[PDB]
Each structure stands twice: as structure tokens, then as C-alpha cells.
Amino acid sequence: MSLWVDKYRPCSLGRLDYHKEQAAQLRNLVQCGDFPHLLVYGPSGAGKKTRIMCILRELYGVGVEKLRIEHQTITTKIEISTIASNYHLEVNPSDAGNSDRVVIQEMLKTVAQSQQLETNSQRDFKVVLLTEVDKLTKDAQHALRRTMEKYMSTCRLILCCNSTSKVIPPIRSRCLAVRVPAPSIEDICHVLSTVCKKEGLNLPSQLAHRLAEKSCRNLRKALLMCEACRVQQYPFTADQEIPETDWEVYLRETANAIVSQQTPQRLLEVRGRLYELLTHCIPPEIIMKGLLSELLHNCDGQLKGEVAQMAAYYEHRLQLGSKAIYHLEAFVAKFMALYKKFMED
Amino acid sequence: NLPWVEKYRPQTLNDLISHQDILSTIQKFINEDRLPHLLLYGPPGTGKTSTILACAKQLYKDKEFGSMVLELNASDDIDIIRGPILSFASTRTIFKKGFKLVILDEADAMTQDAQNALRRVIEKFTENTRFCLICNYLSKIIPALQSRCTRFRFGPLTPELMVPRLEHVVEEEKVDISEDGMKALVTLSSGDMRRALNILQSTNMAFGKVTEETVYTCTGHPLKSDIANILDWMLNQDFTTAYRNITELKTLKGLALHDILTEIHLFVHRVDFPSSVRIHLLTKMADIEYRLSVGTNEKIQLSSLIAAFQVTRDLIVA
Amino acid sequence: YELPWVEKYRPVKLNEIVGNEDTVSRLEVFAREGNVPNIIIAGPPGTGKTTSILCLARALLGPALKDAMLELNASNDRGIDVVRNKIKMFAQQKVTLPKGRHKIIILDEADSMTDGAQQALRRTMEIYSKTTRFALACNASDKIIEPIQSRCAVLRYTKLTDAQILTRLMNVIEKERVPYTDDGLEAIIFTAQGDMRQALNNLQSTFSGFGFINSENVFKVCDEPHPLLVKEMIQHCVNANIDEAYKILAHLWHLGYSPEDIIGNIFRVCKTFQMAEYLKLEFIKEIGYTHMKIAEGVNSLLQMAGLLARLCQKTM
Amino acid sequence: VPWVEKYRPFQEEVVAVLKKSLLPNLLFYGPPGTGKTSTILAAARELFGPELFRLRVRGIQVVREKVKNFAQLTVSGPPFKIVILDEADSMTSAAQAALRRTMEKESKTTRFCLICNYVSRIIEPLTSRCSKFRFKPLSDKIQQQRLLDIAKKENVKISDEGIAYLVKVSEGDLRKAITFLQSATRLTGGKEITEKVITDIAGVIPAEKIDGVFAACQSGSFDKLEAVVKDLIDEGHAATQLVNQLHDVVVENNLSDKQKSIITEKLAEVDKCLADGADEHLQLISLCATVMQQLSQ
Amino acid sequence: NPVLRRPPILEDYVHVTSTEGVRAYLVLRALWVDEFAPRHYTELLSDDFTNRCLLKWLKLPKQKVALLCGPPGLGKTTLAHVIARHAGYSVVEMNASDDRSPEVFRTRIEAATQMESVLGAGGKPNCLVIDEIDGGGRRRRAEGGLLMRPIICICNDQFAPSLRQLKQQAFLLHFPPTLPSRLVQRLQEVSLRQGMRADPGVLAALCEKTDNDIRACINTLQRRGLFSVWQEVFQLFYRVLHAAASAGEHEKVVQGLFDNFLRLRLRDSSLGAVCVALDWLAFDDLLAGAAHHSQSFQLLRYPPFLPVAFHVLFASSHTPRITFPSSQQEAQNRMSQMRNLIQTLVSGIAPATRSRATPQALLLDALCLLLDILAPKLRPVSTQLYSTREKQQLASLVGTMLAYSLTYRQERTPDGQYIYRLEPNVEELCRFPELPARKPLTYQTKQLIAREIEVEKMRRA
Ligand SMILES: Nc1ncnc2c1ncn2[C@@H]1O[C@H](COP(=O)(O)OP(=O)(O)OP(=O)(O)O)[C@@H](O)[C@H]1O
Ligand SMILES: Nc1ncnc2c1ncn2[C@@H]1O[C@H](COP(=O)(O)OP(=O)(O)OP(=O)(O)O)[C@@H](O)[C@H]1O
Ligand SMILES: Nc1ncnc2c1ncn2[C@@H]1O[C@H](COP(=O)(O)OP(=O)(O)OP(=O)(O)O)[C@@H](O)[C@H]1O
Ligand SMILES: Nc1ncnc2c1ncn2[C@@H]1O[C@H](COP(=O)(O)OP(=O)(O)O)[C@@H](O)[C@H]1O
Ligand SMILES: [Mg+2]
Ligand SMILES: [Mg+2]
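Chains as they are written, first to last, in the authors' numbering: chain E, 1 to 76, 81 to 349; chain C, 19 to 95, 98 to 338; chain B, 34 to 349; chain D, 38 to 46, 54 to 66, 71 to 101, 105 to 108, 114 to 133, 142 to 361; chain A, 165 to 194, 281 to 310, 365 to 438, 470 to 557, 583 to 596, 632 to 856.
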């Protein structure tokens, strides 16, 4: 109850701060009978978990908040850790590797059997919550939709994913999509001010704007950064030195190094920087996006399109391949070649 | 009644067609006892299994045929290799003398380790057991495994050597067939006799008459006139109206972009394009056909095909 | 009846193996000294790994080969229990041998056993090494676990040069007095792809089918996309003559060859085609990508046409 | 209870030819709402009578072995039993090949009537070995009247233009508009179903966003494209939906043939990349950069 | 040209028109090791920190299980045997040669642990060794909490997820490489038994020829040739030699090519060459992926071209100093270490009824967590009002780190100086080098934070 991110997370749908129309629609849906399966999706740090928790809060009693550690094993044997409550179970099946399909099937079997054990004080079904559904494999998703058809009456499924690109159409065709857009700059300003005010502090509007734009409309980022700048210096000023995560700075410095000198020795140094980046388990797509974003700040206007197309093409190749560094290295080399050609002409 | 594919399956060596050299070679091997292990491969439905069954029944009478020929299919599955196959190959005959025979249908489905085990079994008992391996792709066979047997390639049936066989069925199964109906039946078969018989039976069931339009509708294959119209639209009409016409035709007749794309491929090589234009078109159409396999949106791919053609118009006119 | 030429003329001594000469000499040295360590043989199929191992074991054990040698193949069961029960008990089995001799366990197709079987085989190899030696053989060295290779003398084999193939084939010809011609020898060598077993089998089949050995009969029995036509294919691709390349491709396709065979033979021709090294590497990479597309299901004639087009545009 | 199963139903002719067989394997495809399962069930009931029941069929080995257990059984005597295997296109390629093999060695006793979405299901039983049948989707007008009736009986407060929008977002098939309407009335509480609610439910991007994207592309400043793509991604719209809607817009504008061709080819490449799971933001950025390069000349 | 202004007179055609409508027409057509094994403590070699520190723990400071780490060649197999010989204890050793069922595990270990010896009282204590650890894990952890006699399991990494569950109750030693300082002499007295004469320089060369491997140096009284292909490709038809002589292992050749081509200095504006080389590397990656996705052995005839591809592109005169590739292996093992640290961190936080954020999101956003615990360095002394209102201060930080199970604990470097490092040690997981390094918290402040954590743990009844 210490961090602002969790302390000020609303409990019920009615006390939300943004997308209140969607909150009202969800309240109407849960209020009426025949609760269907949900496919909640949106950018990270938008509130998908908060919205789903409020949906559970409206669907069941306040006891849903009393989560419990659960550990389960599957046949092949693989043991995984799960989070559940006395009305629902939450699991990220993707952490079980390519054996995700069997763990999904077994967990759904167990939940379906257990719900019949007088787990009907308020609703005639349990909720199976899956996070990062986009990381599931295609056969795993087929098994997921098959089991969802199998045990629709006795349990309900709620899916959370950052994007719907990797979700099979059969799953999307049978789940109710709930799009949760990232909150606007003004919404982030108000929620930051509301947290700042309820904590007994004062947030100037310009600082709130700087936080919102720097947070890239990720509310968790905004709250962390606001608390960090508060503990750094309470008397906020317009020129407050707002800190940011180290890996973002390292990626920016890597892009600056790429821009500075287009030589193979510099290329090897950038490769070392990329090893450092991948080591900390940041996804390759995040690295590619950040590298492109910082590169465009230096490229001429007539050159940005080629760089963007090259970045997209090499990221796609990386998705096809298995060795991340090969394609990232190729994109860096191609950018250095083009930038060297254009600066020297 | 009984489907015509097996109702008129060949039963003797004379019933087979277009493979008379291969049949003669296998007959010579049988008569001179030099019969080696046989590797038969080719496009599906060219009579390989029927050929080997005919040869075996020629060599073996039905009284002992069951006890001296072990027919098996690979897709029914490594335990097959170490089980029934090894047991059969590890003993001599029951009643007659001479080498036994094992026929492995769909041999290309076996895994590489299973193929190595089969190779070891074959080399162990090559003296008294002969293996016939039947597969569609030769490349699916381990190079060591295919180095123990003679390879025979059963090519697709050319029309004029497969037309008479269909005519016998038409005389038997009383169905009126036109000249263009027969030609379209041959064309869609593409050297596959099983495909020809199945298409003939489905057309007869659907309408009782066999004609080019009837068979094309029954199989769903686009007509040559439709392909010519699509090509003319892409080459002449502007992008919007060409897209509208092609989409309307496709949704009206239920055409598939794969068959469409193959037919415009054939037409592109048929027509006289400039070399660079033809190269560009081929590169594009290959790219689109790749895109369909992964399961993309078909409308966008169709418009991309139109785009590939629409660019050339200014280039071709100049 | 007569034995297949791949067995009727199987070498019986290490002196008559035309494979990698240095490894053969090393095996002869091991046979003379006696105390051979655990050896692992990897390389292309049919280069003589099995023959070399059998000849080594026969030389070492001599008359004791009947009961001092244990051989397992993919045809046998090499499961986790068999290596735990048959291999272990055989290793413990008491056999009296001369001072330089050891019990030899031969596991041909060593790449075929699972991870667990090899993990169990590790310790049994380690414990009884004082009196038992292992002679593994496989086509892919990566399949056998790293500790096994660490506690063995890995012996690489390579595709035999065309000279060695020609010498062995001419020896067999002298043995059989089979009529021949230089074109037939070149064709049989090309079909061999460095594989003695493949070459001997193809030569025997060709002689059986037609007697006199010439390129025509060799390609008749060993039916394949004819290398010459593929040579004009690639030559036309170099000259950017897309139409002639398509003509050859359509002729081959109408002949009924599967696209996989056509693309494999195209790449094989691109091995020795006399043409610029950088452009050859470009062609090889493009053929590799097209073979990716073919192997993953997209095997239409349009794909081969696109290959021809892209090869034409590589030269611009 | 879902309303789709409640009211799920032209092609009664194919039943007669099935009863005339007194038998190539049946293959039924088309939009899922065309009543294919109901059609085959009615045909089986008519052919075999009330007293003869039949199996209906997620694994491949289990399916094929169950096929052996059934087809291996004798029948009282009508001679051939026809196996269903609906959702055939959902089966993997290896599963479909194994099912193709299972179709053989059982054709002497049983037959098969597969149900799938057409070309998605693999070739060798699709070509030969099966008698294909296409099930045409209902006309847009008839679907409009049907949804109007559904709204009236289920007292759903939706206007006729709302019904037209709903049947539009359910392109070419039924039972998608029905479930969309049910979800919409349950989310709205039945008070009113506006067109924006349907747009959100179906995942359609509002046309104003597409207009803004095109305006940013026409502007000629890469910063505007970056900002608009960032905003569009922040809204959570799937890149596939943006590609589809922008494709529909482009193909019927007044752009030059060369411009339209280049934009559509880039759209196809982007769609292929998204099919492989590439990053949405990068693909959208590249597509918008191409659109700029075409529109800025 | 094939384009026709007007339709052909006597052959079929198809017409094509431009955007304007200009229109055109186209034709349509139709032994020794046991003998010289150590006997007592006097036969140990110098520069070893394992045998000199295992004896202190294995005397009767209360650890239950042991572990093996570090590179091989340190004599860890004979370590416990020699320790037991010196102490007079008995020895028991096993492996995977027997079927390793959990019930079989119970049978093999319960007897060895809980039973005395049928002998005099001197030899009754026993020592146990487990070999080839990679169902058995739950069995070894089951009795590991309540056994008496320590058991050694053979392994090399201390960061394995299964091993750290037993590692917390282990008195691990340091594993320094064993220097050849006394190896040469030890081989020298061995030569007296052999009777064969080897020069001291030749003996030192043999020690260096085998990387000071005693197991091989003893047998010497009777490497890897991957550098050859690298010399063939990087320095000077020519290419046909490569394809006919690159017949070795493959993936390590690829790693060496990837790690070495940038070090070579043929030319500085070779960005085209490095782009082509990277294209070839990506092609190899795609080949490796596809040849496994589709079981087509015919597809892997191409990867042998990758060494040839680097040739011609990077062929030149003698110049580069080719090194063995480790960058990819270093990256892989460091990836595994960071992922294991991630699981270790998340296992005590996210399941604990709190922290509703995915581990990946937490990973990318864990830097501000450290910044939120910067704390004021004023050194508060009074038991009340620690330099600011405690509710909006250090108490909140302690609650936060208790929710995340973060603590500061005593560390001592081999230099002998007191160090405080956060117990989960997430700074290595979050922070990066080559950036402005923020000043860390003081030693006194970490004392302070640790003691509020300790008191808060008991406060939360
Ligand atoms: N040469 C032929 N002459 C006559 N009928 C043929 C011929 N080839 C095939 N058929 C017909 O096609 C049917 C299928 O043939 P069969 O299965 O034996 O061919 P195959 O080439 O071995 O193919 P597959 O590998 O698919 O089994 C036969 O039962 C027969 O009706
Ligand atoms: N160097 C050689 N000289 C002569 N004949 C050879 C040689 N190598 C192979 N052969 C011939 O090829 C046959 C097969 O060889 P062998 O069984 O040893 O193959 P291998 O290389 O171990 O392959 P695999 O494990 O794939 O079967 C031999 O019996 C012999 O007739
Ligand atoms: N301190 C030492 N004193 C004497 N001999 C030693 C010493 N350390 C190692 N050796 C010798 O080195 C060899 C290593 O034997 P051992 O099996 O114990 O090694 P290990 O390092 O545990 O094994 P591995 O390298 O396979 O992981 C033996 O011959 C052993 O006698
Ligand atoms: N209406 C709101 N009022 C206050 N805070 C909110 C609101 N919505 C979201 N948040 C905060 O934003 C954070 C977003 O976290 P999460 O739900 O994981 O985002 P997502 O699920 O979209 O990735 C939550 O921790 C929550 O504290
Ligand atoms: Mg057949
Ligand atoms: Mg061999």
C-alpha cells in the first residue's frame, strides 16, 4: 500500500478516472446475465489489469482482492506458479514454454471441476484469467478456444494482451473484444494531480505535461517517474530534472554513437551495446523501436522514410529468424551505410 | 454404387497405361529373378500401387498371396520397422519358395531415423526379402536408404494415353460427355487418373451430364474465358473498375486466388510481354503466392496482383 | 543369385579404403598399437564409416570377434533401458583378450538414440573404459551430446573426391568387365555426389538395366532432372534470358519432375558452374530462399518461375 | 443461451442427389452461417430415417482411431455411413494429411462430409477424393430483414441504418451481426445501440482516424506521421484493421494508377509482415512513410 | 519489341492500354591415474582453494548439502574422496547408470544416509556423491532439509534454478584454476615409476599442450582444428577449396565468423561488405529455422556456403589475429543468468497478493523502483522524526521493499572490507555501464534500512 501505482489503483469500475463510458458499459454487461468471455487488449500501462480487477470486483464480492499463491504441475512434468482467489484463477501460460497448450487444458479442467464444488454464491462460473495471450502458440490458442467451447457453462475466460495481431481469429470470433486505449495527456495529468493532491502535495501543470509526454502515455511509467522526482526533490519546479530508466538512456547513447561515426569499429562497439541491451532481457522489438525513434531525431527529413522502411523490414526478418543480434546488426550496418552515403554527399 | 476409382482399378498388367517400359523392366526382373528392391515415386494417382500389386499378383497366386506379401502403409504409424516388418523379413516362406515381398505405401511419411532402421533391415535380409517403397517425393527419402534400391519415376499420364481409359468408363457408366467436356476433364486431371475419375463421378452425380462448363463449375476451377477477362481488365481498365470487376466475378463464381494466380501465371508466359516486364510480373506474382500461404487477407493480395499488372501499362505502352 | 555390388565388393581390410587417407592411416595405427580409445565417426553417408569400424574390430579382436564385439543398429532397440541393461551387462561381461585388446561396442547410426540414452551411456563408457571401448558412428556429429565427444576421439569423414570414386568404380569394372565410356563414368560420378555406396548401386543398376554404361542409360535408370538442361537453365539466367530459362523449366515440369528435385539439381549444378564468385554466392542465396519456400509447402511452378526471374534480375 | 444457435438455419437440392446415390466424399464450404451442418443433418435424417443415428466429430490420432472403431463396426442394412468432421480447416496440415489417409481404407464402409472455410483446407483431398459444394451466403437485403426481425422480437432499440452498419461490419456472412447485436445490447443495457458502439464492438477504426492519417500523409512532414501513428497505436486499434480500412479507402479514391498500385503493394507487404507477427508500430510507420512518398509528389 | 501499335493481322492477341488510353496490343500465343591417485593430504597440489577449505566444513558451520561449481580440471571428483581418506570417513558414489526413478532414488540414498557401517567404529561415517544430475530433483530436495551426512552433486553452475534451492544450505568453496606450479614436479617423480625420460621443457610443453590437464598429462607418458578453416577464409578455384575443406563442425564456425569479421581491417568503407555478410548470416539463421520447422534434410546443403560467403568478401593477405568465439556463448549464458534472476525476483513479489504487473513490464520499469528508494542521507539519529515525517518517508520505503522482499545485507570482499549490497541484487539487472553513475546509499544508511526491515518483519504479526 506504499507505492502510488498500487495505493491509488481504484477498486471498482465506478471510481475510474478515464474511459468512464467503457466502465459504464462493462457495469451494464456484468449487471445483466449471461456473462461472456472477454478479450481485453490495449497498450501496456493503460489500465487493462485495473479494468479487469474492477470487473471482478463488480462480478464477485470484495473477496476477489484476497489473492493467494498457487502452485500446480502438469504432465508431459512441468511445475508452474499461479495466482488465484476464491472465485478466480490467474495464470500466464506462456511462461511454460511450448508446453503452454497442455497447462492451459489442465488448468481449465481443474477450474471447471472445482467450480461445481459449491462455488456458486454469486455466479454460476469461475473466471480463468490469462495474461499476455499474444505470446501463446497457435496450437495453444486452438486448444484454448476448443476448451473455451467445451466448458463455457461452468467457467468464463478473460484474456489480456498488448495486441491482437498474434491472436488467432477463431479466439477473437468467440470472445468479446474490450479495447482499452492509452489515456490522453490530459487524463494522465489529472490522475497525476489527483494522486499528487490526495497524497497532500502540489504538482504544477507544466511538470505534469512533461511527465505525461515523457511517459509516452504509459500511466505506470508516469506514476513511477512522479514518485521518483518527488523523493528526489519535493519542491517541484518547471525545470525539474525528471529521471528515466537506464536502458532508455543506454539505447539513446547507442543511437548517438551510431550517428557519430560510421565505421566498422564503431559498428562492433554498437554490437557490444546491443549485447548489453539484450542481456537485460529487453525485447528486440523494443530495442528496434527505440533505436529508430532516436535515429529519426538526427536524420534529415528526406532520409527518414528509407530509415523507417529499413527498420520495419529488418524487424520483420528478426521475427522470422531466431538470432536477434543478426538482424539488429544488419539494420545498424545498413543505417550506417546509408547515413555515410548521404552525409558524405 | 461403388465409386469408379476402385470399381475400375486395373487388375492385370495389361490394364496399366503409359508405363509400358517400366512394366516391361519389372516383368523382366520378375522372370529372370533379379528383382531388386523397388523405389517408385511420382505425382499422386499414377498407378504405382496398382502396378506393384499387379506384378505381385502375377508372381503370387491369391492362395499364397496373403502369406507371402506384407502390404503396409507408413502413415498408419519406428515400431512398424522393428515389429511386423522385421518379423516378416526375419523368416522365410510358409508354403512356396523364393523371396518374400513387402510393399510400403506412402513411404515418404517415415521419419529419418525410421528410414535408417528400415535401411538396416533391408540390408540385413536383402537375399530373401524384397522391398517396394512407394512415395510421392524422392527428396523425402534418406540418401542412404535410396542407395539400396532402384528408383523408378512414374510420370504424369499424358492425355492421349489416358483418354482411352476414360472412354471405357464412359461406355460402361452411361454418361453423355461432350468433346470440350472430355478436354476439360483431361486438363483439370493434370495427369492424375484418380483425379480424373473422381471429377467424372462428381460431375455425373451433380448434373448427369459432362461438359466443360459443367465440370468447371463442379470442381470450382476458373474458366479460361474468366482468366482472359481478368487479364484484359488488369491490362486495360483503370484500377478502381478493374478491382470492382475482379471482385464481383470472384465473389459471384466463388473463385480462389490461388487458381486465379496460377492461370494468370500461365497466360503471362503465354502472351508476349517485354522481358523486363515479364521478370517484374513473375517476381510480383511469386511474392503474392507466397503471401497467400501464411494466411493473409485475400482482398489485399488480389489488389496487389492488380497493382503488379497496373504498373506495367504505362511501361508497355511506351 | 549374386550379392549386390555394394556388398560383393565391400572392402574387407583398412588397406583398401579410398576414403579420408589420414583417418584410414590413423585407424591402421590404432589397429597395430591395439589400445585404441573410444572413437566417434561422423560425416557424409556411405563414405565407409561402418566398413572402417567393422574392419578395425575384426583386425583387433580376430577370432574373438564373435563374442568380444557387440553391435547395435537402428534396426535394433537402443532405448534407455537397453543401454542400461544390454550395454552395461555386456561391459561387465568377462572376456579374456590379449593385452592390447578390449571389448568393442559398436553403435552405428549413433545419432539416432535419444538424449537420455546417450546420457546413460556416458557413465558406462566412463566406468568400464579399462576393458571396454566404444565405436560410435553417425552422419551428424551435432546429434551426439558434447560430453560423449569430449571423452572420444572424433574422426571426421568427408565426401570422397571424384578421383577416388573413379578409381573404385574402375576397379569394379575390371572385376566385372562391364563395357563403359567416359561420358558414362562422368555421369555416374555426378550421380554419386561423393558417395561410394550410391555410385556402386547406381552403376550396378545401370549395368543390370542396359549392360553397356553410357550417359544415356545412366540417366535412364537414374532418372533425374538432366544436369545439362539445368546447365543451360543457369547459363540463360546469367545472360538474363528469362524466356529461354522458362522454356527449359516448363519442359522439365511437363516431364513431371517434382519442384524439389528440380531445385536440388539446380543448386547442385550451381556448385560447379563456371561463373563469377560473388554472383554465384548471390545465386546460391536466392536458390536457398526459394528452397525454403518450396520445402515449407509453396511448391508451385510459379515459385520456380519467380526463382528464374530473380536470378535474371540479380545480374540486372 | 446465444442467439446464434437460437436462430441458425436455398440448398435443399443437394439432399436429393445424396438420396439419389442409391457416393463421393462430401465437402461443404462457404460462410459459416449458411446452415451447412443443419443441411447435412437433415440429409442424413432423410436418407437413414429416424431409427438410424450417426457419429459427429482437437487431435488427429484420436480422431482417426475413433474413425476406425466406428467404421470397422458392421451395419444392419443405408450401406455407407457418412462422417462429418466439421471445422476441417481448423485442422493442421499434418492432421489433414493423416485424415486424408484415414479417408482411405475406410471408404469401403464409411464416407466423409467435411465442413470448412474452403481453400484454407489442404489440397490432396480437396482435389479429387471429394465432391465439393459451395453454400452461398444470404443476400444483404434478406439479412437486413432478418436482423430487423431479431431486433423486434428481442426488443432491441436499433435503427435501420444501424442494422445496415451492423450487416456491413459483418462482411459476407451471418451470425456475426447477430452476436454483435447481442453483445451491443448487453453492453448498452438495451437503452440504445448507436453506430459508434457497433464500431467499437466490431473493432472497426472510426473513419475520422483514417481521414486524419491521410491528412498527415498529405502534409509532407514526417513528424505528423509519427504523431498520428503513435496516437493510433495508443488507441489500441489492430494494425490489420487499419490496413484493411485504408485499403478499402485507397482502392476507390481518385489517386493515380501508379500511386494506387504502389500503396496497395505496400499494403500487401505490410499485411504479410503482420501475419508473421512483426511489430505493429514499425509496420504502420513504414506504410505511412510510403503513403507520404506517393502523396507528396 | 513485342509491343504492337495496332492489332496483329493473322494471330491472336490481347490489348493493353495506358492510363490515358493510348492503347497497345500484345501477341497472345498458345592404470596410472588410480596408482598415482592421492592417498593422504600430502599428495594434494598447490594453488587449490577447494581441498584446503572443504575439510573445515566436513568435520563432524551446520550446512546440510554441498555443490560443485567452476571450470573442470580442479580434481573435484577426487576432492571428497581425499577428504574422507584424510578424515577416515567412508565414500559412496553413484551415477545415472541405474534407472533413476524417485523410488529408486529413495532406495539408493536412504540406506546410504541413515544406516551405519558393518565394520569398526572408525570407518562408520560415510560420504556421498551424486553424478550426472541432469523427477529426481524433488527427491533430492525432499531429504535435503533434514539429513545429517552431506551429499555432493556434480555440476558447474551455481545459478541453476534447481541448485539454488539446495544452495542456500551449502558451504560452497571457491574454485580457482589449479596452476601447474607443482604439476611439472609431480609428473617428474611419476616418470621414475614409468622409467621413460622426458625433458623438463618438454614436460612443460606437454602441460601447456593439454591446458595443464593432469588426467591427460599422466596418460601422455605413453585441441580443436577449427582455427584452420578461419585461416583459410580470412586470408589467402580458391573457393572450391573451402567447400572441399570446411568439413568440420558448423555452428561454432558460424560463431567464429560472426565474432571475427569485424576485427579484420581490410577497409573502412566496407559497409556494403559487412551488409552482405550480415545478409548471409541472417540467411543461415533462416535456414536453421526452416530445416527444423520442416523436416527437410535436403534444405541444409546450403549452410556450408557461409564460410565461403565470408571468403571473397573478406579474403586478403595475412593480417588478422583470429580468436576463438565466445561472444554468443557469453550472451547466451548471461541471458540465462538474467532470466533466472528475474524468476528469483518475481517469485517472491508478484504471487504475494500484490504487484499487478507483468514481469516484462516490471523489468522495463524497475529503474524508478531504485530511484524511489534513494532515501535521505542526513543520518537520522532520534528514535522519532527521522529527518522528515516517517509516514511519507523511510517507513514507506521499508514497506515497499518488504512488499518486493528487498533487503540490504552484509558483504565482505576478498580484500577484507565491509560491503552492503541489496539481497535480491537487482542493480545488475536494471543498471547499465557507460552512463553517469548515480551515487549509491551509504553503508550507515543500509544498516539503518536493514534494521527497520528486520523490525517491520516482526511488527507484521
Ligand atoms: N495407369 C493407370 N491405368 C488405369 N487406371 C489407373 C492408372 N493409374 C491410376 N489409375 C486409377 O487410379 C486409381 C488410383 O491408383 P493408385 O492409387 O494405384 O495410384 P498411385 O500412383 O500408386 O497413387 P498413390 O500413391 O496416391 O496411391 C486406381 O484404382 C485406378 O482406378
Ligand atoms: N572408401 C571406400 N572404398 C570403397 N568402398 C567404399 C568406401 N566407402 C564406402 N564404400 C562402399 O559403400 C558401402 C557402404 O559403406 P558403409 O556401410 O561403411 O557406409 P557409412 O559411411 O558408414 O554410412 P552410413 O552410416 O550412412 O550407412 C561399403 O560396403 C562399400 O561397398
Ligand atoms: N590436488 C590434486 N592433487 C593430486 N592430483 C590431483 C589434484 N587435483 C587433481 N588431481 C588429478 O587430476 C585428475 C582429475 O581427476 P578428477 O576426476 O578428480 O577431476 P575433476 O576435475 O573432478 O573432473 P572433471 O575435469 O572431469 O570435471 C586426476 O588424475 C587427479 O588425480
Ligand atoms: N482510473 C484510474 N485511476 C487511477 N489509476 C489508474 C487508473 N487506471 C489505471 N491506473 C493505474 O495505471 C496502472 C496501469 O497498470 P495496468 O492495469 O497493468 O496497465 P495495462 O494492464 O493496461 O498494461 C495501474 O497500476 C493503475 O494503478
Ligand atoms: Mg496408388
Ligand atoms: Mg554406414
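C-beta: ideal position from N, C-alpha, C; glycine also.
Runs of the alpha helix (DSSP H) spanning 4 or more residues and lying entirely within the stretch 188-230 of chain C occur at 199-209 and 213-227, in chain order. Counting only runs that start and end inside the stretch 148-223 of chain D, the alpha helix (DSSP H) elements of at least 4 residues fall at 157-167, 187-190 and 204-217. Just measuring C-alpha positions, the residue of A/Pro-720, A/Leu-759 and A/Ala-639 sitting nearest A/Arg-584 is A/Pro-720. By the C-beta density criterion, E/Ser-125 is exposed, having fewer than 16 other C-beta atoms within 10 angstroms. Excluding residues up to 5 positions away in sequence, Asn-172 lie with their Cβ nearer than 6 angstroms to the Cβ of B/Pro-78 in the same chain.
Counting the other Cβ atoms within 10 Å of the Cβ of C/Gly-65 gives 16 or more, which makes it buried.
Sequence-distant partners of E/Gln-244 (beyond 5 residues in either direction) whose C-beta falls short of 6 angstroms from its own C-beta, in its chain, are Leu-211 and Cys-233. In this structure, A/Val-741 has its CB at a distance of at least 7 angstroms from all heavy atoms of ligand 4. Of all residues in the stretch 178-199 of chain B, none comes within less than 7 angstroms of chain C when Cβ atoms are compared.
With the criterion set as a beta carbon lying under 9 angstroms from some beta carbon of chain A, the members of the stretch 99-124 of chain E are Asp-99, in sequence order. Interface with chain A (8 angstroms Cβ-Cβ cutoff): B/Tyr-290 is excluded. Beta-carbon to beta-carbon, B/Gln-231 and C/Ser-159 are separated by about 15 angstroms, too far to satisfy the 8 angstroms threshold. For the pair B/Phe-306 and B/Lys-347, the CB atoms are not nearer than the 8 angstroms cut-off. A straight line joining the alpha-carbon of E/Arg-221 with that of E/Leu-39 spans about 22 angstroms. Within the model, the alpha-carbon separation for C/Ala-248 versus C/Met-254 is close to 10 angstroms. For B/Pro-70, the CB stays at least 7 angstroms from every heavy atom of ligand 3. Note on geometry: alpha-carbon atoms of A/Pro-702 and A/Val-648 lie some 8 angstroms from one another.
C/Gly-63 has its CB no nearer than 7 angstroms to any heavy atom of ligand 6. At a cut-off of 8 angstroms between C-beta atoms, C/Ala-204 does not count as an interface residue with respect to chain B. Distances from the CB of A/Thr-411 to the heavy atoms of ligand 2 are all 7 angstroms or more. The beta-carbon of B/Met-266 is placed no less than 8 angstroms from the nearest beta-carbon of chain A. The straight-line gap separating the alpha-carbon atoms of A/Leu-432 and A/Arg-484 is approximately 8 angstroms. Judged by their CB atoms, E/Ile-82 and E/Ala-100 are nearer to each other than the 8 angstroms cut-off.
B/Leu-236 has no beta-bridge partner at all, per DSSP. Within chain D, the residues whose beta carbon sits less than 8 angstroms from that of E/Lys-308 are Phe-286 and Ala-353, listed in sequence order. If you compare the alpha carbons of D/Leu-351, D/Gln-347 and D/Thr-191 with that of E/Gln-323, the shortest gap goes to D/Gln-347. Distances between the C-beta of B/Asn-172 and the heavy atoms of ligand 2 include at least one below 7 angstroms. Taking the Cβ atoms as the reference, A/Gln-523 lies roughly 11 angstroms from A/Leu-556, outside the contact range of under 8 angstroms.
E/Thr-168 and E/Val-95 have their alpha carbons spaced roughly 19 angstroms apart.
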